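First come two forms of one protein chain, each written alone as structure tokens, so that there is a structure 1 and a structure 2.
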Structure 1
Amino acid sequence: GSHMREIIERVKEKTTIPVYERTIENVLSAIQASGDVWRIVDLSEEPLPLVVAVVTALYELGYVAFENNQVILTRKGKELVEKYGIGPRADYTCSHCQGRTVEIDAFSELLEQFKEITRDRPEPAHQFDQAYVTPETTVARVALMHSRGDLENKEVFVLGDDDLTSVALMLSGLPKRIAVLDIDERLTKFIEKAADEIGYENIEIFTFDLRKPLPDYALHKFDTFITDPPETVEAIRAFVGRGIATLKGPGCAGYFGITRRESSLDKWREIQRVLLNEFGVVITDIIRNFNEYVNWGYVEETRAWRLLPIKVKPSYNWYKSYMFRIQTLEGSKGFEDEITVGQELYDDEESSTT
């Protein structure tokens, strides 16, 4: 246990994010499958500052080197993983649905129509923690929600919409109505334009900062919400918890992404406790890597770029999130308080992509 304990102790010198032996193993498993740091973050499913602290520790202690912009094991690193029985991570993700559990064959035309309308979507804004999902992801969200009975003739709230779910939902023709908000008036303007272009008239669009309580006319009036939030626990409240407060009562649904990239499993535990104890909802589904995010232009201006020991733009869409589905029950409630935070809505110790 000494070699492993020494690494763990070194990591704890570098980060206040929890670390366990299993943290080191996930990183070491990943490094054996790939030398690209982005991909090591992805495959390890650890948050990026923790992976950087672990890779640094491993370098310091002699177990890893940086060669030709790859993170590699040294001979001593090879002996370390052989001694502990850590092999490379195998992956058997369904090559058909990309692990989403839903196929989007039935929505091909809607995906083509969605690509055509969003070809000029607002570029992601660093100040609002933006990054849109692939169009295939946005269409997969519709299909998932429809498969669980949460769109057809339902009143749908979209809290934040860089992903332009509201456009795919207008294209589907399923909801009875849609309300959408966002802080970014480029997106509220774009959705308006797209609704005019579609001839969809049961949408209400508004600009809003979710640090503030939603107005009464958003409250207790919707069947389904979807949001794709920042990952501080305050943002989870501001986005997911306000989504829950839009819901009519029991038997309504909420959809949102949560990453392993910017949230440790200790933070997931805290988030789950919020859901189950503060809001009283049930989690019906948690589906790995459901959301695939398109690499954002502002990468070189973020923490992640500053932390990484090898600084090369990602070559593939390394950043993914799990889709959560929740459902209200007798007693569930939402979040209605004001949040007074500035940039810390987005930024905590585990985040790095602003």
Structure 2
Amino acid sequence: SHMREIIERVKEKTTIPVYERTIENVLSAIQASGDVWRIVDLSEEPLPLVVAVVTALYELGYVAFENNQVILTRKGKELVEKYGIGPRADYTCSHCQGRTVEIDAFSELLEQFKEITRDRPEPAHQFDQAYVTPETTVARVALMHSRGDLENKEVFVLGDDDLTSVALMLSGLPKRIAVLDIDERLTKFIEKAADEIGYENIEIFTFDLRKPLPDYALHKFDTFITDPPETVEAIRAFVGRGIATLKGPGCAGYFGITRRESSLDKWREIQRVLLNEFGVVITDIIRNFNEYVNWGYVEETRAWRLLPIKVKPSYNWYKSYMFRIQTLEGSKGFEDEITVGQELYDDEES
């Protein structure tokens, strides 16, 4: 009863749920790659859970670390063989990078975005607070336009590390754009890009999000976009605040949810929030739509700290799914005070 032993070992190391499928996913990934960052990517299990699993595996003799790779031992090869776990294949589409949309027609926008963002603020120095690639940004415009959520729409951008607002301005599509960010380096940069483009229908909000929305944000938008912190409670706050900015039925929201930091037991809870507390409908969930830029900022992670391989990731391993929602009769957002501080941003899953 090999698998049962592995499961119990991993459970000693985390409170995140552990299933056989968990082990299997990791095992499958390992056979495809020895790179820890890719293992996390391919397994689509949360980072701390992969670290727990890999640790449990090593402890029990199933894996080794050799020439800086994570690898199956003789005993490991027997294990995957016994359970019929093959290496994880992938067929992500090479032109759209799995995004479902192609950006050929936004070639000029892409280029103008890369140029204008030459000296954008540098990212915060954590792997999970990076901004998305330019291609992601432009692919988001493409998506949102193709669903009819941009042209002559009033669009609210809640947090804009990504500089989605800049893209939106270069698109010429919206009627107006509001951005909420207290990062004054961001909002200043956004202003400058606006002045440079001559775009007049942009506004900067700086209210406290923990506080009820002001009357100039409440029910005043057609579409919002946000990237919430990966906790249920932050998703409720950020997405629910986004929903509360919407006018009424027929409006759209876009946001990112990761497999890197949120287990599928957490995803279930997030989905029940959206469908029961808010009463909206999820119209799209697109795997790895969002690709985050990698600067090697992983040195605080347990993966870096406590595992013997100390190789930085060599590609944009950190990706999130695009969720699209739409409002309907009886939909609602989250309008209460957000009464938890920095604890909003972490949970039991690290």
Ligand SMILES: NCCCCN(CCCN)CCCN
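The first residue in the sequence of structure 1 is number 1, and each one after it adds one. Rigid core (definition): largest C-alpha set, two forms, superposition within 1.5 Å.
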property: Structure number of the form solved without this ligand; result: 2
property: Of the candidates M323, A304, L28, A53, the only Cα that travels 2 Å or more between structures 1 and 2, given a rigid-core fit; result: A304
property: After fitting the core, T16 CA displacement of 2 Å or more between structures 1 and 2; result: no
property: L210: Cα shift of 2 Å or greater between structures 1 and 2 (core-aligned); result: yes
property: Yes/no, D150 Cα shift of 2 Å or more between structures 1 and 2 with rigid core fixed; result: no
property: Once the two forms are fitted on their core, CA shift of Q127 between structures 1 and 2 in Å; result: 8.4
property: Between structures 1 and 2, C-alpha offset at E336 (rigid core aligned, Å); result: 1.2
